[PDB]
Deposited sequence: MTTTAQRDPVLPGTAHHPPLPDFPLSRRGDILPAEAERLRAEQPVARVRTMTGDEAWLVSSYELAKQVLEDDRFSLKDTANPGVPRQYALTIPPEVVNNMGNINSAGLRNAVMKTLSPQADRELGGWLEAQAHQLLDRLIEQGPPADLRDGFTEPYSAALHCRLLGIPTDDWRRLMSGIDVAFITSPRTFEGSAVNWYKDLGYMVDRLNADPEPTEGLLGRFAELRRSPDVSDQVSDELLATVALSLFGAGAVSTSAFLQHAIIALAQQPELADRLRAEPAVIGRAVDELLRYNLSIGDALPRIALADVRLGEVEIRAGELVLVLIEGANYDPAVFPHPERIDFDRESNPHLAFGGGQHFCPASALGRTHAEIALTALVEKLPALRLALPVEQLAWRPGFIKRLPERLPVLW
């Protein structure tokens, strides 16, 4: 027989029909990834949660030489185990402090001013505008520059590094390594500036070195937090914007009841299709999952949108609903590798969307949603441009 192909459709404004078929017919399914390797794709909520919470399915080992892959590695293999290294070298406190919105008491107001500065610029020029290049991208880059303690002068160059680093390729491509060492050197340069960095992660790193871990490791943590955070928050915010543009009753709700923003972002997180690949794990032992015997060394892929649209857990999953009794979604993952920046991720989006619905109350797409250009060959699903009117 012929295996289902993975990944699924690049279109991000509706659940791929194949994700619903996989969950209903084979919630654990043998698929052929873009590399030609085979994998177990897990698409029901119950089994996805199980995999994430069972440490016999290893994220760290997905980077090992010889294992099957959903796409070529574009970063050093130790970086897939970023949190595992952050913990072992005594970096966790500096990292966890940086990721905590409660440790930066100005963050809230500063993010709000950043959002409004960007939106005011767009309003001055008049519609239409591209809310990716004109809003999400600079806003997400500005946040992560603040997190690291670096200026925003080179934010376009840094976001362009993300455009290469998060490519999904069937085979390794020259360029991934060149791109990695390019921005690793950038981070080293910032850490080792004569007027040594204060503020943010690089400021904490500078202090940590003078106390009684190498420069390459410090910059690696800085670079991978910048790239992973900026690309994930920018892509999620783009998906959230599309929802509020296509469903203006949701923006009316946010304007009428500003305090629902927390629940609203929690539901947009469940709904959002920005994860354009699956969460990967290598089985370290034989494990039975659902009706399938998974053998040690095989690749397991957790399909987050399959789980988050599972009607056994989320009634009317295809309908955005800010008033669900229960919303135990997997948008941030689960288990050991649950997103350590989930609070910052929520803050980023809540503040941006609050500013957006206030400043652009007639927000709508400037063209039918089916004519958005969805980026191919990337870890995230995202529109190449997000043209809107207001």
Deposited sequence positions missing from the model - stretches, numbered from 1, in order: 1-17, 230-234
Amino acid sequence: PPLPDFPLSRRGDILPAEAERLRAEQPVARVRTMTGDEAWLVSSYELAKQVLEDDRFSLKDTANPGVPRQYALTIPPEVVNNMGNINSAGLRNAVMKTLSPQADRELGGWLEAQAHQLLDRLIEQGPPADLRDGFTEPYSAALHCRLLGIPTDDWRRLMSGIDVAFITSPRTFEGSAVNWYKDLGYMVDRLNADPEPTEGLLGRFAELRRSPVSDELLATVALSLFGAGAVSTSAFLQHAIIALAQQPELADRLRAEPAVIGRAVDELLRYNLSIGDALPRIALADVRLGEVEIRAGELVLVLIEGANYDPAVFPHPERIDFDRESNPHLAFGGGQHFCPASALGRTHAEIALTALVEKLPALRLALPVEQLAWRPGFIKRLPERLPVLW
From here on, numbers count along this sequence of modelled residues.
Unmodelled in at least a third of other entries of this protein, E78: yes
Missing-residue flag, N87, threshold a third of other entries: yes
Entry-level comparison of average CA B-factors, 236-244 and 219-227, reporting the higher stretch: 219-227
Average Cα temperature factor in the PDB entry - higher stretch of 15-23, 370-378: 15-23
Selection from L273, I294, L250, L158 [criterion: highest C-alpha temperature factor in the record]: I294
Most elevated Cα B-factor in the entry, residues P76, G306, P138, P280: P76
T33, C-alpha B-factor rank within chain (lowest, middle or highest third): middle
Lowest, middle or highest third - CA B-factor, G134: lowest
CA B-factor placement of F166, once the chain's modelled residues are sorted into thirds: lowest
Chain third (lowest, middle, highest) by recorded CA B-factor, residue given as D323: middle
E46 - Cα temperature factor, lowest/middle/highest third of chain: highest
